[PDB]
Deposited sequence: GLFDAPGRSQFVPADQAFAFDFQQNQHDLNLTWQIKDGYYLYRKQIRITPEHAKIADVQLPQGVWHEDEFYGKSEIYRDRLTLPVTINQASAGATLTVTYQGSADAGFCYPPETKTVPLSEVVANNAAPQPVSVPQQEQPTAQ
């Protein structure tokens, strides 16, 4: 009856984080129950670093009367990245986008991951 009276912030819906150990980088998203990430919207771009081609894992299929089917990720997303080379100050530009089951679309997000220096071999 009151005209002045549910969805959490994007970083609370998709908790991003990363961890590096030499040539080994692990990209990770804690995905809140009821939310999911669009596989086709993830983008990993290196800046002053050389990365091995990244293979996106097999997720589940979501459907809707408009785009039919789409591969999505739930619960958690772990993305292993191989850093062949990285200069001092090299960065990894990570972009992704998700939505909520109840019908809410978050816009794209871009995180900049500070890579630790890594020489040729």
- request: Please list, in sequence order, every stretch of the deposited sequence that lacks C-alpha coordinates.
  value: 6-9, 126-143
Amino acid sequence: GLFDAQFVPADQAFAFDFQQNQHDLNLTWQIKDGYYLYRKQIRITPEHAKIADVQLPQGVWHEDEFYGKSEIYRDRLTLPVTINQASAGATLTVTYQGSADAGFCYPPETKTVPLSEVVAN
From here on, numbers count along this sequence of modelled residues.
statement: Averaging the C-alpha temperature factors as deposited, the higher value of 108-116 versus 15-23 falls on 15-23
- prompt: Is the mean CA B factor in the deposited entry higher across 30-38 or across 51-59?
  reply: 51-59
message: If I read the C-alpha B-factors straight from the PDB entry, which of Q85, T91, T95, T78 is highest?
response: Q85
